[PDB]
Amino acid sequence: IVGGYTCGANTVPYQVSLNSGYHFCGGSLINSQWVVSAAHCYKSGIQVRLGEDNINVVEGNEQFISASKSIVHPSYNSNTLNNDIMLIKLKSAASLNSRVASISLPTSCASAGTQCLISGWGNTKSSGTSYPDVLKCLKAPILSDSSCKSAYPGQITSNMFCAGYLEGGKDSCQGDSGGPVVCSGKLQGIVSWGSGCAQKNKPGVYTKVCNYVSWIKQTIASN
Ligand SMILES: [Ca+2]
Ligand SMILES: [Cl-]
């Protein structure tokens, strides 16, 4: 997260860190045994880390659980990043409490101008590389489809939306991928891609979760 602020320990209870000896992507807990993340975050040997704040120190409240299965959307395209969404089933159910809770799936899509909270342990610099120890937060509005497509001509599909600031300085970044974009208590987006980070006229692009609600439910019900 570039230009954000320190969330505060356990203030984003549904945030998860995907770990393979180091943090590589974020994710969102949607129920006691399933996590939603980005398809481009896929890899074998994933350990899901819940209830984290400082990812480099065991502080208490953390729950480490191995992924038993990762389900990348069958129509995911690695070149265009269309359908950049993945479901991860936990080997065992997480213990839900005030520090580890699930986030609700949307019943309807969000409209332009809606304020959302984006969070993660991704890079905090636009011109450099520096990963934070604690979870960072950023409040950002969903942009109109018109401005989104003007910013990235021919690259925005109906399964994506832009959020952020055109003047630059505030954006999600590398390492935040797969993380949550929550608006009005509902998971509306997944950190997916963008051109650089926090650059002028290049807002972040996010997977539009409202288009996948039925797919998520049907997939979870059969696994
Ligand atoms: Ca920790
Ligand atoms: Cl276009």
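Just so you know, ligand 1 is whichever comes first in the structure, and atom 1 is the first atom listed for that ligand. Sequence positions, counted from 1, serve as the residue numbers for this chain.
Geometric assessment of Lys208 against the ring of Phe161 yields a negative cation-pi assignment under the 6.0 Å and 45° thresholds.
Scanning for side chain to side chain contact (heavy atoms under 4.5 Å, CB included) contacts around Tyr131 gives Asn123, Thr129, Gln174, with sequence neighbours left out. Residues that satisfy the side chain to side chain contact (heavy atoms under 4.5 Å, CB included) test with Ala94, not counting sequence neighbours, are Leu50, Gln63, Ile65, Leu90. With sequence neighbours left out, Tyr152 forms a ring pair (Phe, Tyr, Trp, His ring centres under 6.0 Å) with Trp193.
For the Ca ion (ligand 1), protein N/O/S neighbours under 3.0 Å (waters excluded) are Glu52 OE1, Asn54 O, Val57 O, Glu62 OE2.
In this structure a side-chain-to-backbone donor-acceptor pair under 3.5 Å is present from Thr207 to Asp84.
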Could you give me the CA-CA distance, side-chain angles and deciding distance for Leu166 and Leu143, then say whether side-chain contact (heavy atoms from CB on, under 4.5 Å) is met? CA-CA 9 Å; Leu166 295 179; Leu143 306 183; 4.0 Å; yes
